[PDB]
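structure-v5.cif (mmCIF, C-alpha atoms)
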```cif
data_upload
loop_
_atom_site.group_PDB
_atom_site.id
_atom_site.type_symbol
_atom_site.label_atom_id
_atom_site.label_comp_id
_atom_site.auth_asym_id
_atom_site.auth_seq_id
_atom_site.Cartn_x
_atom_site.Cartn_y
_atom_site.Cartn_z
ATOM 1 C CA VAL A 401 -22.606 21.256 0.716
ATOM 2 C CA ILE A 402 -24.996 18.301 0.390
ATOM 3 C CA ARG A 403 -26.515 15.629 2.614
ATOM 4 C CA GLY A 404 -24.992 12.234 3.357
ATOM 5 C CA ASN A 405 -27.461 10.305 1.197
ATOM 6 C CA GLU A 406 -26.595 12.431 -1.856
ATOM 7 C CA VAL A 407 -22.819 11.856 -1.961
ATOM 8 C CA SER A 408 -23.358 8.790 -4.172
ATOM 9 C CA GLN A 409 -25.194 11.002 -6.693
ATOM 10 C CA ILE A 410 -22.001 13.011 -7.384
ATOM 11 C CA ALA A 411 -20.775 10.552 -10.011
ATOM 12 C CA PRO A 412 -20.775 10.241 -13.817
ATOM 13 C CA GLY A 413 -23.831 8.524 -15.241
ATOM 14 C CA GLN A 414 -25.857 9.034 -12.053
ATOM 15 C CA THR A 415 -29.367 10.440 -11.621
ATOM 16 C CA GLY A 416 -31.489 11.539 -8.691
ATOM 17 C CA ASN A 417 -32.560 14.833 -7.184
ATOM 18 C CA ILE A 418 -29.184 16.603 -6.952
ATOM 19 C CA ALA A 419 -27.955 15.072 -10.218
ATOM 20 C CA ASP A 420 -31.020 16.221 -12.181
ATOM 21 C CA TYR A 421 -31.838 19.582 -10.573
ATOM 22 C CA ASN A 422 -28.711 20.929 -8.835
ATOM 23 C CA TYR A 423 -25.387 19.555 -10.123
ATOM 24 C CA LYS A 424 -24.846 17.255 -13.115
ATOM 25 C CA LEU A 425 -21.524 15.572 -14.006
ATOM 26 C CA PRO A 426 -20.676 14.539 -17.590
ATOM 27 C CA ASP A 427 -20.495 10.909 -18.653
ATOM 28 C CA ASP A 428 -16.879 11.393 -19.825
ATOM 29 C CA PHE A 429 -15.824 13.022 -16.547
ATOM 30 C CA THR A 430 -12.100 13.013 -15.732
ATOM 31 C CA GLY A 431 -11.530 14.365 -12.246
ATOM 32 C CA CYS A 432 -11.614 13.792 -8.521
ATOM 33 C CA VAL A 433 -14.475 14.162 -6.027
ATOM 34 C CA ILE A 434 -13.682 14.876 -2.359
ATOM 35 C CA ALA A 435 -16.310 14.668 0.379
ATOM 36 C CA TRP A 436 -15.958 15.026 4.130
ATOM 37 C CA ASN A 437 -18.319 15.310 7.081
ATOM 38 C CA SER A 438 -19.042 18.789 8.441
ATOM 39 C CA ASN A 439 -21.447 18.198 11.328
ATOM 40 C CA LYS A 440 -19.339 20.405 13.628
ATOM 41 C CA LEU A 441 -19.137 23.485 11.362
ATOM 42 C CA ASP A 442 -22.252 23.440 9.139
ATOM 43 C CA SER A 443 -24.856 22.541 11.770
ATOM 44 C CA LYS A 444 -26.743 24.315 14.550
ATOM 45 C CA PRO A 445 -28.742 22.965 17.524
ATOM 46 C CA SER A 446 -31.751 24.998 16.340
ATOM 47 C CA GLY A 447 -31.322 23.757 12.761
ATOM 48 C CA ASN A 448 -29.113 25.288 10.076
ATOM 49 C CA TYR A 449 -31.324 26.840 7.392
ATOM 50 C CA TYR B 351 -32.796 -15.837 14.422
ATOM 51 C CA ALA B 352 -36.449 -14.672 14.283
ATOM 52 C CA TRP B 353 -36.301 -12.158 11.439
ATOM 53 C CA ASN B 354 -39.566 -10.711 10.169
ATOM 54 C CA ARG B 355 -40.791 -11.226 6.603
ATOM 55 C CA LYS B 356 -43.379 -8.839 5.180
ATOM 56 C CA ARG B 357 -45.047 -9.269 1.789
ATOM 57 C CA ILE B 358 -45.591 -6.097 -0.257
ATOM 58 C CA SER B 359 -48.069 -6.274 -3.137
ATOM 59 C CA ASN B 360 -50.854 -4.379 -4.951
ATOM 60 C CA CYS B 361 -49.445 -0.882 -4.440
ATOM 61 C CA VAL B 362 -47.406 1.842 -6.127
ATOM 62 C CA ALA B 363 -43.795 1.632 -4.937
ATOM 63 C CA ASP B 364 -41.882 4.891 -4.471
ATOM 64 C CA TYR B 365 -38.232 4.255 -3.607
ATOM 65 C CA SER B 366 -37.152 7.907 -3.331
ATOM 66 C CA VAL B 367 -38.785 8.237 0.113
ATOM 67 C CA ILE B 368 -36.676 5.437 1.647
ATOM 68 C CA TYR B 369 -33.762 7.886 2.059
ATOM 69 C CA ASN B 370 -35.989 10.166 4.149
ATOM 70 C CA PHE B 371 -37.104 7.313 6.413
ATOM 71 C CA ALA B 372 -33.740 5.886 7.502
ATOM 72 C CA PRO B 373 -30.285 7.554 7.736
ATOM 73 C CA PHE B 374 -28.119 5.156 5.722
ATOM 74 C CA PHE B 375 -25.335 5.783 3.203
ATOM 75 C CA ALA B 376 -25.896 3.570 0.155
ATOM 76 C CA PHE B 377 -28.906 1.769 -1.318
ATOM 77 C CA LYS B 378 -26.827 -1.316 -2.054
ATOM 78 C CA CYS B 379 -28.478 -3.593 -4.630
ATOM 79 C CA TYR B 380 -27.255 -6.659 -6.516
ATOM 80 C CA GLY B 381 -29.459 -7.550 -9.488
ATOM 81 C CA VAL B 382 -30.695 -4.013 -10.162
ATOM 82 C CA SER B 383 -29.573 -0.423 -9.641
ATOM 83 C CA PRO B 384 -30.979 1.929 -6.958
ATOM 84 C CA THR B 385 -31.604 4.774 -9.426
ATOM 85 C CA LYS B 386 -33.753 2.792 -11.895
ATOM 86 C CA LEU B 387 -36.325 1.140 -9.587
ATOM 87 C CA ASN B 388 -39.074 3.643 -10.444
ATOM 88 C CA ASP B 389 -38.978 2.586 -14.120
ATOM 89 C CA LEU B 390 -39.146 -1.216 -14.161
ATOM 90 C CA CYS B 391 -41.644 -3.066 -12.021
ATOM 91 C CA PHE B 392 -42.006 -6.444 -10.358
ATOM 92 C CA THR B 393 -44.498 -9.036 -9.091
ATOM 93 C CA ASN B 394 -43.960 -9.183 -5.314
ATOM 94 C CA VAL B 395 -41.675 -7.359 -2.877
ATOM 95 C CA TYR B 396 -40.361 -8.913 0.342
ATOM 96 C CA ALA B 397 -39.044 -7.019 3.372
ATOM 97 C CA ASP B 398 -36.792 -8.820 5.866
ATOM 98 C CA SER B 399 -36.026 -6.933 9.078
ATOM 99 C CA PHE B 400 -33.361 -7.856 11.633
ATOM 100 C CA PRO C 499 -26.359 17.553 15.272
ATOM 101 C CA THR C 500 -28.827 14.985 16.675
ATOM 102 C CA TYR C 501 -29.530 13.556 13.201
ATOM 103 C CA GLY C 502 -28.080 10.324 11.875
ATOM 104 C CA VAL C 503 -24.898 10.107 9.843
ATOM 105 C CA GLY C 504 -26.862 9.635 6.607
ATOM 106 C CA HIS C 505 -28.587 12.993 7.157
ATOM 107 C CA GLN C 506 -25.488 14.855 8.368
ATOM 108 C CA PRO C 507 -24.058 17.639 6.161
ATOM 109 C CA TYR C 508 -21.113 16.872 3.887
ATOM 110 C CA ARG C 509 -18.755 19.353 2.229
ATOM 111 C CA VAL C 510 -17.914 18.344 -1.352
ATOM 112 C CA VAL C 511 -15.135 19.710 -3.571
ATOM 113 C CA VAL C 512 -14.979 18.453 -7.169
ATOM 114 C CA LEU C 513 -11.824 18.968 -9.242
ATOM 115 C CA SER C 514 -12.338 18.795 -13.013
ATOM 116 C CA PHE C 515 -9.406 18.358 -15.395
ATOM 117 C CA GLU C 516 -8.968 19.268 -19.057
ATOM 118 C CA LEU C 517 -6.503 16.610 -20.205
ATOM 119 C CA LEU C 518 -4.434 17.993 -23.127
ATOM 120 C CA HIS C 519 -5.893 20.197 -25.833
ATOM 121 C CA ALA C 520 -4.517 23.674 -25.014
ATOM 122 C CA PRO C 521 -0.972 24.669 -24.075
ATOM 123 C CA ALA C 522 -0.395 23.282 -20.598
ATOM 124 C CA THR C 523 -0.685 25.743 -17.707
ATOM 125 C CA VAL C 524 -1.084 23.536 -14.616
ATOM 126 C CA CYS C 525 2.012 21.352 -14.319
ATOM 127 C CA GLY C 526 3.518 19.948 -11.157
ATOM 128 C CA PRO C 527 6.900 20.192 -9.459
ATOM 129 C CA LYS C 528 8.803 17.908 -11.845
ATOM 130 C CA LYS C 529 12.007 19.593 -13.000
ATOM 131 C CA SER C 530 13.013 19.926 -16.646
ATOM 132 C CA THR C 531 16.145 18.824 -18.496
ATOM 133 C CA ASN C 532 18.051 20.155 -21.515
ATOM 134 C CA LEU C 533 16.840 18.966 -24.915
ATOM 135 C CA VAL C 534 19.073 16.545 -26.832
ATOM 136 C CA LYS C 535 18.580 15.478 -30.441
ATOM 137 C CA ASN C 536 19.636 12.704 -32.855
ATOM 138 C CA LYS C 537 19.901 10.167 -30.012
ATOM 139 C CA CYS C 538 17.683 7.371 -28.700
ATOM 140 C CA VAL C 539 16.413 8.740 -25.375
ATOM 141 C CA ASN C 540 13.421 8.621 -23.083
ATOM 142 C CA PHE C 541 11.286 11.748 -23.354
ATOM 143 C CA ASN C 542 8.555 13.303 -21.212
ATOM 144 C CA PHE C 543 6.678 16.188 -22.869
ATOM 145 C CA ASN C 544 3.993 17.498 -20.452
ATOM 146 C CA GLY C 545 3.188 13.988 -19.243
ATOM 147 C CA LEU C 546 3.567 12.412 -22.701
ATOM 148 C CA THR C 547 6.193 9.750 -22.037
ATOM 149 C CA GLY C 548 8.004 7.636 -24.580
#
```
Take the structure I supplied and represent it as structure tokens, if you would.
Amino acid sequence: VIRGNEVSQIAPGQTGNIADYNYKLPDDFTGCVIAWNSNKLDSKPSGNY
Amino acid sequence: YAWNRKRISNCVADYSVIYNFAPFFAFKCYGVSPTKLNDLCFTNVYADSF
Amino acid sequence: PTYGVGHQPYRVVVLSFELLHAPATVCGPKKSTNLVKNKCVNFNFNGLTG
């Protein structure tokens, strides 16, 4: 689970915060990335921590 | 029709804090890439708001 | 939930594929056919067409 600004970092040849410290994809990556919004399940009115 | 131009000069530009300021999806650029802007550097920056 | 869509949570699933180096273990619902020899035929061996 990531934020909305960090979905573009899940890509081959990409850098950033998530791509350098959390999850790095290879440059010769062959595969499929799926992302969907989860504001109804992974969020709380007091703030999901 | 009355968009605001702001000149940005004589400062250190950090582009990783723009994502925290506004809730957008993509940092869509044309001549450069969004992930490399902390490495190269320019003369003057211009901000147009509308 | 009051945040913008750029700061909203997103669930991500990444599927990674190993193309063909090992014997194939994940192959889809395509049915097989009996093997003929000494004839000019189309063949499909684990996605290798010809």
- [ ] Return the neighbours of chain C among the residues of chain A, cut-off 9 Å, counting all atoms listed in the file, as a ChimeraX atom specification.
- [x] /A:401-407,410,429-440,442-445,447
- [ ] Measuring atom to atom with all atoms listed in the file, identify which of A:417, A:411, A:423, A:446 is nearest to chain B.
- [x]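 Once distances to chain B are computed over all atoms listed in the file, the minimum belongs to A:417.
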Mind giving me the axis-aligned box for range 418-423 of chain A with 4 Å on every side, centre plus edges in Å to one decimal, as JSON?
```
{"center_x": -28.6, "center_y": 18.0, "center_z": -9.6, "size_x": 14.5, "size_y": 13.9, "size_z": 13.2}
```
Open item on the list: Would you mind listing, as a VMD selection string, all residues of chain B that have at least one atom within 8 Å of chain C, where all atoms listed in the file are what counts?
Closed with: chain B and resid 372 to 375
Open item on the list: What's the separation between CA of residue 363 in chain B and CA of residue 387 in chain B, in Å to one decimal place?
Closed with: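 Distance reported for this atom pair: 8.8 Å.
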Open item on the list: Going by the chain IDs and residue numbers used in this file, which residues fall under the PyMOL selection byres ((chain B) within 12 of (chain A))? Write them as a ChimeraX atom specification.
Closed with: /B:365-378,383-388
Open item on the list: I'd like the interatomic distance between CA of residue 391 in chain B and CA of residue 418 in chain A, to a tenth of an Å.
Closed with: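 For CA of residue 391 in chain B relative to CA of residue 418 in chain A, the distance reads 23.8 Å.
Between CA of residue 361 in chain B and CA of residue 379 in chain B the separation is 21.1 Å.
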Open item on the list: Need to verify the contact set: residue 397 in chain B, 8 Å, all atoms listed in the file, exclusion of same-chain residues closer than 4 positions in sequence. Can you return it as a PyMOL selection string?
Closed with: chain B and resi 354-358
For the selection just defined, write its residues with C-alpha atoms to a file, as a PDB file, in the coordinates of the input.
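Generated file (result-v6.pdb):
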```pdb
ATOM      1  CA  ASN B 354     -39.566 -10.711  10.169  1.00  0.00           C
ATOM      2  CA  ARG B 355     -40.791 -11.226   6.603  1.00  0.00           C
ATOM      3  CA  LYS B 356     -43.379  -8.839   5.180  1.00  0.00           C
ATOM      4  CA  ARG B 357     -45.047  -9.269   1.789  1.00  0.00           C
ATOM      5  CA  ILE B 358     -45.591  -6.097  -0.257  1.00  0.00           C
TER       6      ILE B 358
END
```
Missing atoms in range 417-436 of chain A: can you complete it with N, CA, C and O atoms, as a PDB file, in the coordinates of the input?
```pdb
ATOM      1  N   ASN A 417     -32.066  13.475  -7.388  1.00  0.00           N
ATOM      2  CA  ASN A 417     -32.560  14.833  -7.184  1.00  0.00           C
ATOM      3  C   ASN A 417     -31.463  15.859  -7.444  1.00  0.00           C
ATOM      4  O   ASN A 417     -31.648  16.798  -8.231  1.00  0.00           O
ATOM      5  N   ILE A 418     -30.312  15.689  -6.788  1.00  0.00           N
ATOM      6  CA  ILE A 418     -29.184  16.603  -6.952  1.00  0.00           C
ATOM      7  C   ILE A 418     -28.607  16.498  -8.359  1.00  0.00           C
ATOM      8  O   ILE A 418     -28.251  17.508  -8.978  1.00  0.00           O
ATOM      9  N   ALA A 419     -28.534  15.279  -8.897  1.00  0.00           N
ATOM     10  CA  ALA A 419     -27.955  15.072 -10.218  1.00  0.00           C
ATOM     11  C   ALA A 419     -28.828  15.614 -11.342  1.00  0.00           C
ATOM     12  O   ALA A 419     -28.302  15.962 -12.402  1.00  0.00           O
ATOM     13  N   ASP A 420     -30.140  15.707 -11.140  1.00  0.00           N
ATOM     14  CA  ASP A 420     -31.020  16.221 -12.181  1.00  0.00           C
ATOM     15  C   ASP A 420     -31.381  17.688 -12.011  1.00  0.00           C
ATOM     16  O   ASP A 420     -31.686  18.350 -13.008  1.00  0.00           O
ATOM     17  N   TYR A 421     -31.368  18.223 -10.789  1.00  0.00           N
ATOM     18  CA  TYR A 421     -31.838  19.582 -10.573  1.00  0.00           C
ATOM     19  C   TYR A 421     -30.799  20.538 -10.004  1.00  0.00           C
ATOM     20  O   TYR A 421     -31.029  21.752 -10.041  1.00  0.00           O
ATOM     21  N   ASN A 422     -29.678  20.049  -9.479  1.00  0.00           N
ATOM     22  CA  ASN A 422     -28.711  20.929  -8.835  1.00  0.00           C
ATOM     23  C   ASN A 422     -27.325  20.872  -9.458  1.00  0.00           C
ATOM     24  O   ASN A 422     -26.746  21.923  -9.758  1.00  0.00           O
ATOM     25  N   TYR A 423     -26.770  19.680  -9.665  1.00  0.00           N
ATOM     26  CA  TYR A 423     -25.387  19.555 -10.123  1.00  0.00           C
ATOM     27  C   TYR A 423     -25.255  18.269 -10.923  1.00  0.00           C
ATOM     28  O   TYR A 423     -25.392  17.177 -10.363  1.00  0.00           O
ATOM     29  N   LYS A 424     -24.970  18.393 -12.215  1.00  0.00           N
ATOM     30  CA  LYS A 424     -24.846  17.255 -13.115  1.00  0.00           C
ATOM     31  C   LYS A 424     -23.411  17.144 -13.608  1.00  0.00           C
ATOM     32  O   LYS A 424     -22.820  18.139 -14.040  1.00  0.00           O
ATOM     33  N   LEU A 425     -22.854  15.936 -13.536  1.00  0.00           N
ATOM     34  CA  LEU A 425     -21.524  15.572 -14.006  1.00  0.00           C
ATOM     35  C   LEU A 425     -21.607  14.916 -15.380  1.00  0.00           C
ATOM     36  O   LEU A 425     -22.564  14.185 -15.659  1.00  0.00           O
ATOM     37  N   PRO A 426     -20.639  15.161 -16.262  1.00  0.00           N
ATOM     38  CA  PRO A 426     -20.676  14.539 -17.590  1.00  0.00           C
ATOM     39  C   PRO A 426     -20.357  13.054 -17.524  1.00  0.00           C
ATOM     40  O   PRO A 426     -19.779  12.554 -16.558  1.00  0.00           O
ATOM     41  N   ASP A 427     -20.755  12.343 -18.583  1.00  0.00           N
ATOM     42  CA  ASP A 427     -20.495  10.909 -18.653  1.00  0.00           C
ATOM     43  C   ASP A 427     -19.022  10.614 -18.909  1.00  0.00           C
ATOM     44  O   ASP A 427     -18.526   9.555 -18.507  1.00  0.00           O
ATOM     45  N   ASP A 428     -18.313  11.526 -19.568  1.00  0.00           N
ATOM     46  CA  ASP A 428     -16.879  11.393 -19.825  1.00  0.00           C
ATOM     47  C   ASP A 428     -16.038  12.183 -18.828  1.00  0.00           C
ATOM     48  O   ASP A 428     -15.009  12.767 -19.186  1.00  0.00           O
ATOM     49  N   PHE A 429     -16.473  12.212 -17.569  1.00  0.00           N
ATOM     50  CA  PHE A 429     -15.824  13.022 -16.547  1.00  0.00           C
ATOM     51  C   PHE A 429     -14.455  12.460 -16.185  1.00  0.00           C
ATOM     52  O   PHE A 429     -14.307  11.262 -15.933  1.00  0.00           O
ATOM     53  N   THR A 430     -13.455  13.338 -16.168  1.00  0.00           N
ATOM     54  CA  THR A 430     -12.100  13.013 -15.732  1.00  0.00           C
ATOM     55  C   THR A 430     -11.749  13.974 -14.606  1.00  0.00           C
ATOM     56  O   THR A 430     -11.470  15.151 -14.856  1.00  0.00           O
ATOM     57  N   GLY A 431     -11.771  13.484 -13.373  1.00  0.00           N
ATOM     58  CA  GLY A 431     -11.530  14.365 -12.246  1.00  0.00           C
ATOM     59  C   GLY A 431     -11.803  13.652 -10.943  1.00  0.00           C
ATOM     60  O   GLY A 431     -12.208  12.488 -10.916  1.00  0.00           O
ATOM     61  N   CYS A 432     -11.601  14.383  -9.852  1.00  0.00           N
ATOM     62  CA  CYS A 432     -11.614  13.792  -8.521  1.00  0.00           C
ATOM     63  C   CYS A 432     -12.614  14.500  -7.612  1.00  0.00           C
ATOM     64  O   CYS A 432     -12.612  15.727  -7.499  1.00  0.00           O
ATOM     65  N   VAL A 433     -13.451  13.703  -6.956  1.00  0.00           N
ATOM     66  CA  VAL A 433     -14.475  14.162  -6.027  1.00  0.00           C
ATOM     67  C   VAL A 433     -13.961  13.909  -4.614  1.00  0.00           C
ATOM     68  O   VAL A 433     -13.416  12.832  -4.323  1.00  0.00           O
ATOM     69  N   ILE A 434     -14.110  14.914  -3.751  1.00  0.00           N
ATOM     70  CA  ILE A 434     -13.682  14.876  -2.359  1.00  0.00           C
ATOM     71  C   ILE A 434     -14.889  15.230  -1.505  1.00  0.00           C
ATOM     72  O   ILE A 434     -15.541  16.250  -1.747  1.00  0.00           O
ATOM     73  N   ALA A 435     -15.192  14.398  -0.513  1.00  0.00           N
ATOM     74  CA  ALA A 435     -16.310  14.668   0.379  1.00  0.00           C
ATOM     75  C   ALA A 435     -15.901  14.374   1.811  1.00  0.00           C
ATOM     76  O   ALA A 435     -15.288  13.339   2.086  1.00  0.00           O
ATOM     77  N   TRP A 436     -16.239  15.283   2.724  1.00  0.00           N
ATOM     78  CA  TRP A 436     -15.958  15.026   4.130  1.00  0.00           C
ATOM     79  C   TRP A 436     -17.080  15.573   4.999  1.00  0.00           C
ATOM     80  O   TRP A 436     -17.768  16.530   4.635  1.00  0.00           O
TER      81      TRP A 436
END
```
